[PDB]
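Next up: just one chain, as structure tokens, the form deposited in one PDB entry.
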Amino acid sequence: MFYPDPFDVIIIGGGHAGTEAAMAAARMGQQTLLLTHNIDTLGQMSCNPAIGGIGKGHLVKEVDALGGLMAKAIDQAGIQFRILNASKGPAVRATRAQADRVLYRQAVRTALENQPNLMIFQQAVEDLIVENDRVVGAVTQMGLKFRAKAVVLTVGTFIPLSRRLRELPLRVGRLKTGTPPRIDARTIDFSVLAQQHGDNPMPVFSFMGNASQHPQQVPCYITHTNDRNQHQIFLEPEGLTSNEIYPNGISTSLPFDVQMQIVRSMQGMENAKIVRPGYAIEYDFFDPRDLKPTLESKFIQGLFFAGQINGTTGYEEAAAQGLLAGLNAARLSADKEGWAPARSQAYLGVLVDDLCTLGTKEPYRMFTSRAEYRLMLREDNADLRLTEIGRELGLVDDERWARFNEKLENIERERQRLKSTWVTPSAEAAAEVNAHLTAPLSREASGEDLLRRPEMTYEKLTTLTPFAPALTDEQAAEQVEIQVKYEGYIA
């Protein structure tokens, strides 16, 4: 039994990568069907309830800059927000946030349910359907068939689907992956534990969006065995209306036997009780070397792979692949050719190149070879290098495309204004200038020229009388400040 309407794009699984690949093809214009196991569990986080951190944050920001969901999603869902290495410089900072599981689930389901051009249907799968080497739709478990011009596969594979794939010279793999126990926050003594709060002012994951979006903030809690430099295990709350604690740090692979000791032998957690047991699922995947730069199979035409089937664990890594697969699966149906960001452009750049060639994600320490690329690929400038390319190809609406150009203006203007507004050995303004400047002034310099001074911050500089009102576009301000201050390096 076929199905009434034909689809351009089918997405199978829709987990983390799927969801993103869906929202992708949809806002592209194209008419997309998301098929899934279960729609009550979209945006479920099975591992760590968190978005961000080293390298992860980079990949997120990038997705948002191409208009995906995750950033917005976490902005709605994050009960704790942190910039890693606020201490150090722009190239080295990384945003990470704690997630209220349920609120994230809420947020992810909604945006999808209300996505123009995407239709969503709650069924398993049996196999897919190929015009001998060029795929044309898929067949659900219940026997219902949907036709399409392009497909995207994610979670689900591991039987008729399975055997079909092995009928090809696809290198199969193996993955050990599992999660810690989970603890009844009611049976934990928190008073005896230290606590971790969030940076303040709150960071904000989307280039769009802001702090008013975030729900109520909450702290994590530090604990360890029984500061002599011990091994600290972070206790994260699963959400605002949960009593479950994800104990970050304690071992994934473990019998329940020990599982209850390793947790009870911890400060405050003497008589803790353990609500979900920990475990490990090994699942096999396929080797990504059999995938075009655009994540289209080198074997079957029209098929794109993203997420678990590529051996990556990690929401952010899935999310990124999703988007990419999505937008190309989209471009295939429009009978145009797919896109693949080059290593110099983004993390998603390397992530896919890596996977295509290497067949795997190389560690983050290695994503940027020199020092310029570490600065030029920082997280807080994805929009400026990515957004437009996305706009140029459908991803990125008007709301965002207007916000982009707004701030693209404010940077252009301010820079130019600061290049032009000079203050001389006493323009008799030099009195209050030297109050916050290290070495005495004179050489007769423009705002730009003494912004480049290590003592000077755009925010402070501008409180000074000759340098006009500051910009009230704080995103742009930061980009202006670091543009003069650290593209002094690229000079």
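The first residue of the sequence shown is number 1, and the count goes up from there. Between two forms, the rigid core is defined as the largest C-alpha subset superposing within 1.5 Å.
The discussion below concerns the form deposited in another entry, not included here.
Of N85, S369, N114, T313, only one moves its C-alpha by 2 angstroms or more between the shown form and the other one once the rigid core is aligned, so tell me which.
None of the others reach 2 Å, which leaves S369.
Once both forms sit on the same rigid core, is the C-alpha displacement of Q123 at or above 2 Å between the shown form and the other one?
Comparing forms between the shown form and the other one, the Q123 CA shifts below 2 Å.
With both forms fit on the core, is the shift of the CA atom of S251 between the shown form and the other one 2 Å or larger?
After core superposition, the C-alpha of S251 moves 2 Å or more between the shown form and the other one.
Since the Cα-Cα distance for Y373 and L408 shifts by 3 angstroms or more in that other deposited form, is it a contraction (closer) or an expansion (farther)?
Compared with the form shown here, the C-alpha atoms of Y373 and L408 sit farther apart in that other deposited form, by 3 Å or more.
Regarding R370 and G57, go with closer or farther for their CA spacing in that other deposited form versus this form, the difference being 3 Å or more.
Relative to the shown form, the pair is closer.
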